[PDB]
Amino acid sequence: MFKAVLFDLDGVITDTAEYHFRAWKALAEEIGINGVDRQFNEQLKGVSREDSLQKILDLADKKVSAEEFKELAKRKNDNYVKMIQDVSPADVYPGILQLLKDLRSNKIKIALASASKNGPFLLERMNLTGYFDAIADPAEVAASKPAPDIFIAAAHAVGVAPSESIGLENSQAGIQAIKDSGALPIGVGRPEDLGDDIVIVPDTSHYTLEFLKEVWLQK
């Protein structure tokens, strides 16, 4: 039987992408740049804070000093941190609290494998801290998704190998990272995005202990 489940945060436990988008849009309005919409925002996902800002400036060929650039970037982060003060237990995705309860009661380890610099804080705001055995620190990995480093780190932190683990993700890069770690992926989304060679469920309500056990047996 699998010994651990490795969770991403965004797209699995809750939505942080909406708050990043609102913070970038507010920044662009402040500096007078048009075109930061949700389609455009697809180009900012999984990209560094600095590269995202540059893509926004390039919409208007807008030049700023190195100083101004550093401070516009920090300003957007400050706004994002303000916005997530309102996250609550009601923001947890369907199925996820019941899964955490069932994993804990069956002595299966629970770890976070997220790029979020605010993971510990967000789990505290959602009242989930007491379910998690470890949180991998994204500041300590040498390579980001699709590299396997953050999934290796999450597994190791709870005393298991990835090969003993299931990983849950909604992104192409995260699924590849789980695959290359040695863990078993179960995606949430559609195979058109995530692949034909893994099990995929259409939404998080399908993530049940019974289903995870079925997928592990059949792998």
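Residue indices: 1-based, along the sequence shown.
As the entry records it, the average C-alpha temperature factor is higher for 73-81, out of 118-126 and 73-81. In this entry, 192-200 has the higher mean Cα B-factor, the comparison being between 14-22 and 192-200. By the numbers in the PDB entry, the CA B factor is greatest at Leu27 among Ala154, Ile166, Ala161, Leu27.
In this structure the maximum Cα B-factor among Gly182, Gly32, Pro185, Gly174 is found at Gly32. For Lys213, the recorded CA temperature factor ranks within the middle third of the chain's modelled residues.
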